[PDB]
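*Asks:* Could you have a look at this structure, given as structure tokens, before my questions?
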Amino acid sequence: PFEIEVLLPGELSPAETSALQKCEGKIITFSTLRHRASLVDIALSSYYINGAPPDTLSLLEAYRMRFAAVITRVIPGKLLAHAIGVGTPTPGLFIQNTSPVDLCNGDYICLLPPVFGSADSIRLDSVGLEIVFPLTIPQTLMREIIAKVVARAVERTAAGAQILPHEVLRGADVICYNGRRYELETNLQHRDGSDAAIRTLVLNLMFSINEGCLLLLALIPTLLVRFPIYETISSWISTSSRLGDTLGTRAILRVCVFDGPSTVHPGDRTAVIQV
Amino acid sequence: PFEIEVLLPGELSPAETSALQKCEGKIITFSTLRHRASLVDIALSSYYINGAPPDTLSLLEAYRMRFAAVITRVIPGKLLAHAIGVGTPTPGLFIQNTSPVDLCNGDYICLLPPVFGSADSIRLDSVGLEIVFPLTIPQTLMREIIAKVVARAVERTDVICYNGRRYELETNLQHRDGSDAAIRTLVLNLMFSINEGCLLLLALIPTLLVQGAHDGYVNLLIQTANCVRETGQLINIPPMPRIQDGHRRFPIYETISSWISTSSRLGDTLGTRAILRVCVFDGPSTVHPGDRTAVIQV
Amino acid sequence: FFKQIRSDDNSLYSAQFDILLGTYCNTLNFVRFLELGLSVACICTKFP
Amino acid sequence: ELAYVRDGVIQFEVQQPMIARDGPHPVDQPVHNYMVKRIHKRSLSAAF
Amino acid sequence: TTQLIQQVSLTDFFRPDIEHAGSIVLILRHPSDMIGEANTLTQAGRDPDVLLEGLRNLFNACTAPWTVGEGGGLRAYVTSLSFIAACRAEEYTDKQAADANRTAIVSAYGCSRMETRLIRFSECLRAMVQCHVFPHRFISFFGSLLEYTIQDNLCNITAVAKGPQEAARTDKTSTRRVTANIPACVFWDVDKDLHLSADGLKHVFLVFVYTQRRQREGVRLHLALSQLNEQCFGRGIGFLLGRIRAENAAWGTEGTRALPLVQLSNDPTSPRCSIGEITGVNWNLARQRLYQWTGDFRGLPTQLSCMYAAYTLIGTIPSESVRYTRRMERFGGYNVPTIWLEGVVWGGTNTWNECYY
């Protein structure tokens, strides 16, 4: 069984130690797998690129390019973890729910960057670094969640751009799972993450669809009864393939509960199996 | 752990057995999986489609059709290979770098036929066959090569910059029966990626061109694009229709959802899928051509 | 303070102590006036 | 038994002398000092 | 080497008493999500609450009907494969095997409030595929049944999750080993239709064929066993289902001049619209015409209205030259033709691939 030991720093405040101990079954993400590592690899500081803090697109790409692990137990002077990597037979692997939606038996686990609300995370001001944890969600909901957030962004952009708004609508977007609705982003104000972390994402997702469903028409005008024309096709194919590889869906864990409560709520810890 | 044992033909010369032992960590393909097999299926002769050596586009499909395997310790008599595709635990797996480009940690591996200069391959004059080995390149290079090959095929019916060095592609398309299949599978996705939602995205073009200025970022998005850059100053885009049932429906949802699945399927249908991930323990961060790395099953 | 564990939930096999690695101090010396070479610059005497 | 050391510590204690002078300024006072120092841990590895 | 999954549920769709050990068991999502998805994905023009009408009557003919809405954990979670096979038995090609299994599951069960339950479930699926709420995202998969305990109308069952089939110990039957058993109606191997050799390793898939017409929809359930690749199965299925694909492409949606962009961009002396006027001061007289195109595309077949199948990998068989055996044995008080699969390793994540072509 492969395990990682994260070295706890010296001279840490007791409130911070307790806050860390509270986060028992949480997913951390390591760049290169090694038995001994430091807190700089776990902190957000290792995730940001080009100097600026990371984007949602950057986080989605890092979640693929980077390896994962789960915290197993916290010691007043040490911190351990177990990988979900190569072949390790981790016994008694348990995970704590971080998403507002519920989970049941036989659901597969997938990772996301925080999109709904502000990410909750530990932050040591003594050392001066924060440790953000990725959201865990079932598989059947992530496609819908991504589509809805991009649609909300594009609708906001369109309402801003058009001289007049087309406000007439159905109410508010909702996500229902296990007979429980979420009702995300009630108010129009509080543009916290409207264009803070999904800006480049929505830009690229608009551009690719525009290119595609304009090039089809430009190539064949029969549909509705000086110029390269080939580098365009090349670039479109390349961009579409890269964006699809980025916005993938790959299950990482399966919730297997034995002799326990089937449905679990945000905050409970459940034993899972390595897929 | 599943292993397939390839029976080497007898009477083999010392030169040929040494050349084969040189091949230690390479990928091979099997049409049908079984514990005992022969050398004919590994031979290039098994790739023949009608009566002749295959084409690039036919190999691109044979690779998806066939099961994959990785060679391991070879003995003078037999040839040992482990499987990849079917879910099977393999501890301590490794692959030999066959591509001219270099690999680093956390890189997904794909499989493409030899597109660069004449492929090195073991030849057996006594047996009368040769064994070509597939090339392994990262995902970005794979996507770019596939896009360029599809564009060249369209043109018929190439330079690539990676790590600051320019490589040249010579593609083979002497066959024709398989060239139109790529066209068909491209146009199918192009047609299915259209629905009632594109109207708003196309009308949102003038504000996009506006935001392009005083941004410094969208300009690059605009320069690589040609269709929108030409249409924003050439088409009028009549203003707007209404929605049939706008009181409970959301029409910009399907155009953003279905496109995700279309894009995820395109990258796998046009070429090959990801097969492995490189993750070396206690090794170098980057690997040079010809060296071996420890990789994990996808 | 009250708590009870179901059967056995670790949190007991966590022997973590603190050690003191000894102390170090210093003892200053004392300088006498006559032992210095400056005493040959004057004649000192005691007058109660 | 170093694997469970959990931040051992060491400390010092020094005191400095003083001079007897008299004039248009306040008098001195013997002052004492106290320091403390922590440890740092690092390992070594080799393959076979 | 193998793992198990337990869950308690109501026994109105599953009876661990009569069902043989080693049969497939599936689970269902909360029905409350169906309406939240239907009212937002229903095609324009169609009525969105016909599913609600079809759904309410299902639980109205089911025990404890006053327990819908809260989802406290005491609903009809799991179901059996033979149940859906009997609900849609009028659509399988093997006429006699279908109807035999139907009468068998009717008689072995309560047989009093069973026929009504079946017809409610039938139009329930029919209304499910009426507003694009396709029942391939609400039906998951569990392993073969291994052990069960029931006292009345409520059962606790445990099944295998993934791994070898005969690596467990049922420990109460005659032998301690079980093998996979399926009704002969759902079994459909494609290689013997595609005319290729059947040797080596073969994968297992579940398919959901969809028919979309006016007031006539159909949904079967087939357990395909083929040696074809992970993704190549999609191209293989279309060759056999080429009829329904074309039927749907014409009867799926039942509820304008081109523009020469490349032509007028290849030639000069066309009305230009340089960035100097899009800066945003008078952007209406600059774009007065520049073209008209009178263009709009509202009613067109989407990739979701032409879907006809959705498959998913379940398990493989490493032993080459499989020898599946078909025979008739008693199921309660009636005989049904069952096919027996031996040595099948479960696994694979629950991801559905939709064949829309």
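Note that each Cβ is placed from the backbone with ideal geometry, even for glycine, and that neighbours are counted across all protein chains shown. Read-outs: derived from the displayed coordinates by stated rules, not from any lab.
*Asks:* Is the stretch B:274-283 home to any residue that is in contact with a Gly (Cβ under 8 Å, 6 or more places away or on another chain), at the interface with chain A (Cβ under 7 Å from one of its Cβ atoms) and within 22 Å of E:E354 (Cβ to Cβ)?
*Replies:* No; the residues of the stretch B:274-283 include none that is in contact with a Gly (Cβ under 8 Å, 6 or more places away or on another chain), at the interface with chain A (Cβ under 7 Å from one of its Cβ atoms) and within 22 Å of E:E354 (Cβ to Cβ).
*Asks:* Could you say which residue among A:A62, A:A68, A:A81 is small (G, A, S), part of a helix (DSSP H, G or I) and either out of contact with any helix residue (DSSP H, G or I) (no Cβ under 6 Å at 6 or more places or on another chain) or buried (at least 19 other Cβ atoms within 10 Å of the Cβ) (or both)?
*Replies:* Testing whether each residue is small (G, A, S), part of a helix (DSSP H, G or I) and either out of contact with any helix residue (DSSP H, G or I) (no Cβ under 6 Å at 6 or more places or on another chain) or buried (at least 19 other Cβ atoms within 10 Å of the Cβ) (or both) leaves just A:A62.
*Asks:* From the list A:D173, A:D195, exactly one residue is of a type in the set (D, E), more than 7 Å from chain B (Cβ to nearest Cβ) and over 30 Å from E:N353 (Cα atoms). Which is it? Break it down into steps so the answer makes sense when it comes.
*Replies:* Details: A:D173 fails: over 30 Å from E:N353 (Cα atoms).
The conditions single out A:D195.
*Asks:* For the stretch B:66-114, which residues satisfy the criterion of being β-branched (V, I, T) and either within 13 Å of another protein chain (Cβ to nearest Cβ) or more than 25 Å from E:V204 (Cα to Cα) (or both)?
*Replies:* B:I71, B:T72, B:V74, B:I75, B:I84, B:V86, B:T88, B:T90, B:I95, B:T98, B:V101, B:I109
*Asks:* Name the pairs: first residue in the stretch E:217-233 and aromatic (F, W, Y), second residue part of a strand (DSSP E or B), Cβ to Cβ under 7 Å, at least 6 apart or on different chains?
*Replies:* Every condition considered, the pairs that remain are E:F233/E:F205; E:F233/E:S226; E:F233/E:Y311.
*Asks:* Determine which member of the set E:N282, E:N248 is more than 11 Å from chain B (Cβ to nearest Cβ) and either buried (at least 16 other Cβ atoms within 10 Å of the Cβ) or under 20 Å from the mean Cα position of the chain (by Cα) (or both). Working first, answer last.
*Replies:* Working: E:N282 fails: either buried (at least 16 other Cβ atoms within 10 Å of the Cβ) or under 20 Å from the mean Cα position of the chain (by Cα) (or both).
Of E:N282, E:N248, the one residue that is more than 11 Å from chain B (Cβ to nearest Cβ) and either buried (at least 16 other Cβ atoms within 10 Å of the Cβ) or under 20 Å from the mean Cα position of the chain (by Cα) (or both) is E:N248.
*Asks:* Mind listing whichever residues of the stretch B:88-114 are among the hydrophobic types (A, V, I, L, M, F, W, C) and farther than 17 Å from B:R64 by Cα? Steps first, answer last, please.
*Replies:* Here is the first cut: in the stretch B:88-114, the ones among the hydrophobic types (A, V, I, L, M, F, W, C) are B:93-95, B:101, B:103-104, B:109-112.
Across the stretch B:88-114, the qualifying residues are B:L93, B:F94, B:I95, B:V101, B:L103, B:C104.
*Asks:* Does the stretch E:235-243 contain any residue that is surrounded by 12 or more Cβ atoms within 10 Å (Cβ to Cβ) and under 20 Å from B:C227 (Cα atoms)?
*Replies:* Scanning the stretch E:235-243, I find no residue that is surrounded by 12 or more Cβ atoms within 10 Å (Cβ to Cβ) and under 20 Å from B:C227 (Cα atoms), so the answer is no.
*Asks:* Continuing with the same structure: May I ask you to list the residues in the stretch B:50-74 that are among the aliphatic types (A, V, I, L, M) and within 17 Å of B:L135 (Cα to Cα)?
*Replies:* Passing the criteria: B:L57, B:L59, B:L60, B:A62, B:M65, B:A68, B:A69, B:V70, B:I71.
*Asks:* Considering only residues that are within 14 Å of chain E (Cβ to nearest Cβ), within 25 Å of B:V150 (Cα to Cα), of a type outside the set (S, T, N, Q) and touching a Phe, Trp or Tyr at 6+ places or on another chain (Cβ under 8 Å), which ones fall in the stretch B:20-65?
*Replies:* Answer for the stretch B:20-65, where residues must be within 14 Å of chain E (Cβ to nearest Cβ), within 25 Å of B:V150 (Cα to Cα), of a type outside the set (S, T, N, Q) and touching a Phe, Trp or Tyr at 6+ places or on another chain (Cβ under 8 Å): just B:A62.
*Asks:* Restricting attention to the stretch B:265-287, which residues are touching a strand residue (DSSP E or B) at 6+ places or on another chain (Cβ under 8 Å), surrounded by 15 or more Cβ atoms within 10 Å (Cβ to Cβ) and in a loop (DSSP other than H, G, I, E, B)?
*Replies:* Residues satisfying the conditions are B:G271, B:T272, B:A274, B:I275, B:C279, B:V280.
*Asks:* Just to be sure before I move on: is E:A64 surrounded by fewer than 15 Cβ atoms within 10 Å (Cβ to Cβ) and of a type in the set (G, A, S) in the structure I sent? Give the steps one after another, and end with the answer.
*Replies:* Values: surrounded by fewer than 15 Cβ atoms within 10 Å (Cβ to Cβ): yes; of a type in the set (G, A, S): yes.
So E:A64 fits the description; yes.
*Asks:* Looking only at the stretch E:205-233, count every residue that is closer than 16 Å to E:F134 by Cβ, assigned to a loop (DSSP other than H, G, I, E, B) and not β-branched (V, I, T) and tell me the total.
*Replies:* The total comes to 6.
*Asks:* Being among the small types (G, A, S), farther than 20 Å from B:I109 by Cα and surrounded by 15 or more Cβ atoms within 10 Å (Cβ to Cβ), is that true of even one residue in the stretch B:11-26? Working first, answer last.
*Replies:* Step one: filter the stretch B:11-26 for residues among the small types (G, A, S), giving B:13, B:15, B:18-19, B:25.
Checking the rest, the ones that are also farther than 20 Å from B:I109 by Cα come to B:13, B:15, B:18-19.
In the following step, the residues that additionally are surrounded by 15 or more Cβ atoms within 10 Å (Cβ to Cβ) were identified as none.
No, there is no match, as no residue in the stretch B:11-26 is among the small types (G, A, S), farther than 20 Å from B:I109 by Cα and surrounded by 15 or more Cβ atoms within 10 Å (Cβ to Cβ).
*Asks:* Hey, among the residues in the stretch A:108-143 that are of a type outside the set (A, V, I, L, M), more than 22 Å from A:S45 (Cα to Cα) and crowded, with 16+ Cβ neighbours inside 10 Å, which one's nearest to the chain's Cα centre (by Cα)?
*Replies:* Here the answer is A:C110.
*Asks:* Does the stretch B:86-109 contain at least one residue that is outside any loop (DSSP other than H, G, I, E, B) and within 25 Å of B:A182 (Cβ to Cβ)?
*Replies:* yes
*Asks:* How many residues are of a type in the set (A, V, I, L, M, F, W, C), touching a helix residue (DSSP H, G or I) at 6+ places or on another chain (Cβ under 7 Å) and under 22 Å from B:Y253 (Cα atoms) if we restrict to the stretch A:196-235?
*Replies:* 13
*Asks:* Does the stretch C:18-41 contain any residue that is aromatic (F, W, Y), part of a strand (DSSP E or B) and out of contact with any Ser or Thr (no Cβ under 9 Å at 6 or more places or on another chain)? Spell out the reasoning first.
*Replies:* Start the filter on the stretch C:18-41 by keeping residues that are aromatic (F, W, Y), which leaves C:24, C:30, C:33.
Right, trim to part of a strand (DSSP E or B) and you get C:24.
When the remaining residues are screened for being out of contact with any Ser or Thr (no Cβ under 9 Å at 6 or more places or on another chain), the result is C:24.
Yes, the stretch C:18-41 contains a residue that is aromatic (F, W, Y), part of a strand (DSSP E or B) and out of contact with any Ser or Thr (no Cβ under 9 Å at 6 or more places or on another chain).
*Asks:* Moving on to the next point. Looking only at the stretch A:241-267, count every residue that is within 20 Å of the chain's Cα centre (by Cα) and acidic (D, E) and tell me the total.
*Replies:* Number of matching residues: 1.
*Asks:* Got a sec? Which of B:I296, B:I237, B:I252, B:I260 is over 30 Å from B:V86 (Cβ atoms) and within 10 Å of chain A (Cβ to nearest Cβ)? Spell out the reasoning first.
*Replies:* Numbers: B:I296 fails: over 30 Å from B:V86 (Cβ atoms); B:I237 fails: within 10 Å of chain A (Cβ to nearest Cβ); B:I260 fails: over 30 Å from B:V86 (Cβ atoms).
Just a single option satisfies the conditions, and that option is B:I252.
Residue-by-condition table, conditions (1) of a type in the set (A, V, I, L, M, F, W, C); (2) under 24 Å from E:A246 (Cα atoms); (3) surrounded by fewer than 21 Cβ atoms within 10 Å (Cβ to Cβ):
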| position | (1), (2), (3) |
| --- | --- |
| E:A180 | yes, no, no |
| E:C185 | yes, no, no |
| E:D191 | no, yes, yes |
| E:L194 | yes, yes, yes |
| E:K202 | no, no, no |
| E:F205 | yes, yes, no |
| E:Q215 | no, yes, yes |
| E:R220 | no, yes, yes |
| E:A224 | yes, yes, no |
